[PDB]
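Please note: Cβ atoms are built from the backbone with ideal geometry, for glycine as well, and neighbour counts cover all protein chains shown. Each answer follows from the model by the rule given with it, or from the source it names; none is laboratory data.
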Amino acid sequence: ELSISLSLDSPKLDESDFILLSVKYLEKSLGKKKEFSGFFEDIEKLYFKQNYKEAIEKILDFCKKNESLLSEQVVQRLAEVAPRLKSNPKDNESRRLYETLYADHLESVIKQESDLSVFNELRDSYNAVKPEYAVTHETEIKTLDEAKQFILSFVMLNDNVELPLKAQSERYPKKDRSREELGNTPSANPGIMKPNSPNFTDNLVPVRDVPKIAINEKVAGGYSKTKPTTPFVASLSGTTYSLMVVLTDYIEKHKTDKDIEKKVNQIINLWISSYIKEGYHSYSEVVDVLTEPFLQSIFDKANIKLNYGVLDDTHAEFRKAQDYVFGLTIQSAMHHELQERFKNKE
Amino acid sequence: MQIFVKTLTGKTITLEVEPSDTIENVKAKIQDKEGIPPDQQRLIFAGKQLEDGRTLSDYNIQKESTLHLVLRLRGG
Amino acid sequence: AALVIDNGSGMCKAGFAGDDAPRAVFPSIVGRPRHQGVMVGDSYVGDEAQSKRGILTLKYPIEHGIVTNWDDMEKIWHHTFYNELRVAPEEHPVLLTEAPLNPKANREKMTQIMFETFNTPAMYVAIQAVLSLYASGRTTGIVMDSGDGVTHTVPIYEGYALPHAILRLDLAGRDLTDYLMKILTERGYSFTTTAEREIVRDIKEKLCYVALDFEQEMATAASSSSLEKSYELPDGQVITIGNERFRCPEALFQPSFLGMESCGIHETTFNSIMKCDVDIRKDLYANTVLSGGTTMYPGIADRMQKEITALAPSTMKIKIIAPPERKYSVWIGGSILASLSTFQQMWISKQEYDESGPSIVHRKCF
Ligand SMILES: Nc1ncnc2c1ncn2[C@@H]1O[C@H](COP(=O)(O)OP(=O)(O)OC[C@H]2O[C@H](O)[C@H](O)[C@@H]2O)[C@@H](O)[C@H]1O
Ligand SMILES: Nc1ncnc2c1ncn2[C@@H]1O[C@H](COP(=O)(O)OP(=O)(O)NP(=O)(O)O)[C@@H](O)[C@H]1O
């Protein structure tokens, strides 16, 4: 496949695009060998975790221990592009699509697993903590979309009840969402994909208005500067603090339950799926709120070990992001040759 | 007509309005009386954040009705 | 040796990758004869359905840009391959063009039919307005494509037609030919019959143009013969054409002329540009590429420069790009793409289709 060497030309290749383009190359050449089953199985989880540095190292080492089975110009070109790779929060399109797909799979997995009984049990934690202006939730939750309507209304607790928690945080003050009001722009793209970014035709959604948020770059130690791998949608989420208030009431009211980690995991995971699907936030814009130690304490002291959406297999979405990256980078080379053909008509 | 905008302090702002006044309009009056930037303003009625492009007639917001104000906070 | 086929509302432009022009241009028409009996001795495509349309019953499956009947689309396609191009399609990879805003289910029948019915080795689907931009050597800007049954304002950012801003007006050449028929029958000439339609469509492509200020051209037509031209009918009569010359294309800017409350192509371009990010708009305002036969009117690009400037801000740089070749812009952009070496890795192959089916086109051509 010479295609991989034409994709590697793109000036805008990022670390995500690399992992996806390198792994797809390796899996065609040396493929189905179950000896190598491990290597890709572990890279797929490393990409998900957003541990690109580690994966890059592994990927080049694969071509170090396995050079004989792979094409030399490709192995050496990958090695060359690698030292210079960067990630930019404003533009992380392969990962934007990946996570938008991942949260479809995370919604199916919550759907197979949950009977929605925790979302009915979590009603009375909501109604307990809500501000008086927040609307008492009286309905029974029989479908995942009512748990989803319900879950998301915790945003009403914002700016008020979540503040005592919000103040303990070292991370949140390093948020960098520009205070500019930019309004809403139209979009047909789903999730955390950007409106003007290319997409598959099976993957379009009904056109709607989507909010425009600007990054504040003048922030020292700003989050998009610390974790550039994470796509910017709205910086650090503070509605996580509100779910934290609601959830803390649940842990108290249900401390004796033996299925509490499973149930709290279902709630946490549906939140992640939901914020990604609605375009509110990226995964690490939520998880990176939850995992701050002081909040980890709430779970740990109650013996709740959260999986934060880590699923068994991320393959279908890994392979679909690979096709997208491929087709965009060949289109960049397609565009490059084209304009360099039109430069010669003078 | 009339309305009362309550704060998280429980203090009561009284803003005289006419039912076609937009939510954009009421936040401006609020700033004029209290100085609060209109962009930190979130007005709730019947449990729903009021969109500033609609009107009080569109929310069935009427005379002697109370709205809730919650100031947004982005310092970090 | 790749093939390129523009599947358009009125007519199809077909030819080979590397050629500056399509080799075949013929109506999108399938005659199915009104009675059996003309079948003794069983459909009709393009021009031959045109001549025999008395005996036949004519369907336009691409009317409005989106393929409507596939049984008739296959015929048009078979006709294109074996008769107009005189080519075995199992020989030549086939790049095909689609309308803006085409439903995902349609793009699969094109893919499926090309591989299953005609057994092509490889294939690609491309948006008509994106290839027009490509013939002008741009990747970013807003395409105004006006054809026979459909007009489209399509903003393209870096190769990507923006679905949230793509605007459709069903007003184009067919309607301008009908309206000209009406204008000229108000002046006493008689155009009703479809042959009389066919003559009127000649007068449009020659004599008609776009006024810069419609009022001043009106006032000049009422003040002198300068703008009148004559025309020689088939049968030898010479009829004179006045302000009908620019009142025909004026229906593009003023659709009220045919009784349609729509917005004019300028307002449509402004409205399409306004539905994009403020951040990309200078770039659309600086690259508005005109495309398709209904843009060929003399003076269309200046009027649009006048009207978008009147609509856009005072500070906006406004460039209308109206390339002399824009009639076949879609096809020529087709042929350029097909001839690139990079594009040799972009084809969907037969191996791939079998491995996937018609859904391969969503991940390949996007
Ligand atoms: N007018 C609104 N109506 C309903 N929901 C709203 C509204 N505005 C925001 N949200 C909800 O906000 C959620 C997505 O959160 P995100 O904006 O990504 O960043 P965060 O989590 O750190 O803070 C949210 C703040 O955004 C504003 O500052 C509000 O004042 C909030 O205080 C969604 O559930 C929305 O439904
Ligand atoms: N010089 C010309 N001046 C004015 N109108 C013309 C001229 N040439 C062709 N036309 C008209 O342009 C219209 C569109 O032709 P065409 O551009 O092939 O549209 P289409 O087949 O529907 N698809 P598309 O290629 O996407 O525009 C035809 O209906 C003609 O009547």
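Any idea which residue in region A:221-266 is nearest to ligand 2 (Cβ to nearest atom), counting only those that are of a type in the set (A, V, I, L, M) and under 17 Å from the mean Cα position of the chain (by Cα)?
Going through the qualifying residues, I end up with A:233.
Among the residues of region C:210-221, is there at least one that is within 30 Å of residue C:54 (Cα to Cα) and of a type outside the set (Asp, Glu)? Explain how you work it out, then say what you get.
Here is the first cut: in region C:210-221, the residues within 30 Å of residue C:54 (Cα to Cα) are none.
Within region C:210-221, none of the residues are within 30 Å of residue C:54 (Cα to Cα) and of a type outside the set (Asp, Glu).
Does residue A:277 count as within 16 Å of ligand 1 (Cβ to nearest atom) and in a helix (DSSP H, G or I)?
Numbers: within 16 Å of ligand 1 (Cβ to nearest atom): yes; in a helix (DSSP H, G or I): yes.
So residue A:277 passes the test.
To keep it simple, each residue is scored yes or no on (1) under 30 Å from residue B:71 (Cα atoms); (2) within 14 Å of chain B (Cβ to nearest Cβ); (3) surrounded by 19 or more Cβ atoms within 10 Å (Cβ to Cβ); (4) within 23 Å of the chain's Cα centre (by Cα).
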{"residue": "A:116", "(1), (2), (3), (4)": "no, no, yes, no"}
{"residue": "A:124", "(1), (2), (3), (4)": "yes, no, no, no"}
{"residue": "A:135", "(1), (2), (3), (4)": "yes, yes, no, no"}
{"residue": "A:139", "(1), (2), (3), (4)": "yes, yes, no, no"}
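Would you mention how many residues in region A:328-346 are crowded, with 21+ Cβ neighbours inside 10 Å and out of contact with any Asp or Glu (no Cβ under 8 Å at 6 or more places or on another chain)?
The qualifying residues number 3.
Residue C:66 versus (1) of a type in the set (A, V, I, L, M, F, W, C); (2) more than 15 Å from the chain's Cα centre (by Cα); (3) in a loop (DSSP other than H, G, I, E, B); (4) within 13 Å of ligand 2 (Cβ to nearest atom): which is the lone unmet condition?
That leaves (2) as the condition not met.
Output the number of residues of region A:162-200 satisfying the condition of being facing another protein chain (nearest Cβ under 8 Å), closer than 17 Å to residue A:278 by Cα and among the hydrophobic types (A, V, I, L, M, F, W, C).
1
For region A:240-249, enumerate the residues that are of a type in the set (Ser, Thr, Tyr) and surrounded by fewer than 23 Cβ atoms within 10 Å (Cβ to Cβ).
A:248 - this is the single residue of region A:240-249 that is of a type in the set (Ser, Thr, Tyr) and surrounded by fewer than 23 Cβ atoms within 10 Å (Cβ to Cβ).
Residues checked against (1) more than 16 Å from ligand 1 (Cβ to nearest atom); (2) within 14 Å of another protein chain (Cβ to nearest Cβ):
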{"site": "A:263", "(1), (2)": "yes, no"}
{"site": "A:282", "(1), (2)": "no, no"}
{"site": "A:293", "(1), (2)": "yes, no"}
{"site": "A:297", "(1), (2)": "yes, no"}
{"site": "A:304", "(1), (2)": "yes, no"}
{"site": "A:329", "(1), (2)": "yes, yes"}
{"site": "A:335", "(1), (2)": "yes, yes"}
{"site": "A:342", "(1), (2)": "yes, yes"}
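Within region A:157-198, take every residue that is under 19 Å from the mean Cα position of the chain (by Cα), assigned to a loop (DSSP other than H, G, I, E, B) and within 11 Å of ligand 1 (Cβ to nearest atom) and give me the one that is surrounded by the fewest Cβ atoms within 10 Å (Cβ to Cβ).
Per the criteria, the residue is A:175.
Residues being under 14 Å from residue C:125 (Cβ atoms) and surrounded by fewer than 21 Cβ atoms within 10 Å (Cβ to Cβ): count how many of those fall in region C:350-359.
3
Scan (1) within 14 Å of another protein chain (Cβ to nearest Cβ); (2) in a strand (DSSP E or B); (3) within 13 Å of ligand 2 (Cβ to nearest atom) for the single condition residue C:145 breaks and write down its number.
Failing condition for residue C:145: (1).
Could you tell me whether any residue of region A:27-43 is among the charged types (D, E, K, R) and within 14 Å of chain C (Cβ to nearest Cβ)?
Yes, region A:27-43 contains at least one residue that is among the charged types (D, E, K, R) and within 14 Å of chain C (Cβ to nearest Cβ).
Only one residue in C:290, C:337, C:311, C:284 is away from ligand 2 (no atom under 16 Å from the Cβ) and buried (at least 20 other Cβ atoms within 10 Å of the Cβ). Which one? If you could, list the steps in order and put the result at the bottom.
Working: C:290 fails: away from ligand 2 (no atom under 16 Å from the Cβ); C:337 fails: away from ligand 2 (no atom under 16 Å from the Cβ); C:311 fails: buried (at least 20 other Cβ atoms within 10 Å of the Cβ).
Within the list C:290, C:337, C:311, C:284, the selection yields C:284.
Would you check if residue A:154 is crowded, with 17+ Cβ neighbours inside 10 Å and within 14 Å of chain B (Cβ to nearest Cβ)?
Numbers: crowded, with 17+ Cβ neighbours inside 10 Å: yes; within 14 Å of chain B (Cβ to nearest Cβ): yes.
Against the criterion (crowded, with 17+ Cβ neighbours inside 10 Å and within 14 Å of chain B (Cβ to nearest Cβ)), residue A:154 qualifies.
Given (1) surrounded by 15 or more Cβ atoms within 10 Å (Cβ to Cβ); (2) in contact with a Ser or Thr (Cβ under 8 Å, 6 or more places away or on another chain), where does residue A:69 come up short, assuming only one miss?
Unmet for residue A:69, out of (1) surrounded by 15 or more Cβ atoms within 10 Å (Cβ to Cβ); (2) in contact with a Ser or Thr (Cβ under 8 Å, 6 or more places away or on another chain): (1).
Please count how many residues of region C:325-334 are within 14 Å of chain A (Cβ to nearest Cβ) and either under 11 Å from residue C:295 (Cβ atoms) or within 11 Å of ligand 2 (Cβ to nearest atom) (or both). So that I can check it myself, show each step before the final result.
Step one: of region C:325-334, the residues within 14 Å of chain A (Cβ to nearest Cβ) are C:325, C:329, C:332-334.
Narrowing the set further to residues that are either under 11 Å from residue C:295 (Cβ atoms) or within 11 Å of ligand 2 (Cβ to nearest atom) (or both) leaves C:329, C:332-334.
Final tally of qualifying residues: 4.
Of all the residues that make up region B:16-48, how many are of a type outside the set (D, E, K, R), surrounded by fewer than 18 Cβ atoms within 10 Å (Cβ to Cβ) and either more than 11 Å from chain A (Cβ to nearest Cβ) or more than 10 Å from the chain's Cα centre (by Cα) (or both)?
Number of matching residues: 11.
Among the residues of region A:141-151, count how many are buried (at least 18 other Cβ atoms within 10 Å of the Cβ) and assigned to a loop (DSSP other than H, G, I, E, B).
1
Of C:125, C:154, which residue is more than 21 Å from residue C:347 (Cα to Cα), part of a strand (DSSP E or B) and away from ligand 1 (no atom under 16 Å from the Cβ)?
Within the list C:125, C:154, the selection yields C:154.
Does residue C:161 satisfy being on the phi < 0 side of the Ramachandran plot, within 14 Å of chain A (Cβ to nearest Cβ) and within 20 Å of the chain's Cα centre (by Cα)?
yes
Is it the case that residue B:9 is farther than 18 Å from residue A:130 by Cα and either loosely packed, with under 13 Cβ neighbours inside 10 Å or more than 14 Å from every other protein chain (Cβ to nearest Cβ) (or both)?
In short, no.
Out of the residues in region A:216-239 that are away from every other protein chain (no Cβ under 13 Å) and within 14 Å of ligand 1 (Cβ to nearest atom), which is nearest to residue C:358 (Cα to Cα)?
Among those residues, the one meeting the criterion is A:231.
Yes/no matrix, rows are residues, columns are (1) in the same structural domain as residue A:202 (by TED's automatic domain parsing); (2) closer than 16 Å to residue A:98 by Cα:
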{"site": "A:285", "(1), (2)": "yes, yes"}
{"site": "A:292", "(1), (2)": "yes, no"}
{"site": "A:295", "(1), (2)": "yes, no"}
{"site": "A:312", "(1), (2)": "no, yes"}
{"site": "A:332", "(1), (2)": "no, no"}
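Among what's in region A:1-19 and is charged (D, E, K, R) and within 18 Å of residue A:56 (Cα to Cα), pick the residue that is surrounded by the fewest Cβ atoms within 10 Å (Cβ to Cβ).
A:12
Looking only at region C:128-142, filter to residues that are outside any loop (DSSP other than H, G, I, E, B) and more than 15 Å from ligand 2 (Cβ to nearest atom); which one of those is surrounded by the fewest Cβ atoms within 10 Å (Cβ to Cβ)?
C:141
If a residue has to be part of a loop (DSSP other than H, G, I, E, B) and more than 16 Å from ligand 2 (Cβ to nearest atom) to count, how many in region C:89-122 make the cut? Show your work before the answer.
Restricting attention to region C:89-122, the residues satisfying the condition of being part of a loop (DSSP other than H, G, I, E, B) are C:89-93, C:99-103, C:117-121.
Now restrict to residues that are more than 16 Å from ligand 2 (Cβ to nearest atom): C:89-93, C:103, C:117-121.
Looking only at that region, the number is 11.
Every residue in region B:60-76 that is in a loop (DSSP other than H, G, I, E, B), more than 9 Å from chain A (Cβ to nearest Cβ) and surrounded by 12 or more Cβ atoms within 10 Å (Cβ to Cβ), please.
Residues satisfying the conditions are B:61, B:62.
Residue-by-condition table, conditions (1) crowded, with 19+ Cβ neighbours inside 10 Å; (2) under 18 Å from residue C:333 (Cα atoms):
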| residue | (1), (2) |
| --- | --- |
| C:7 | yes, yes |
| C:38 | no, no |
| C:79 | yes, no |
| C:100 | yes, yes |
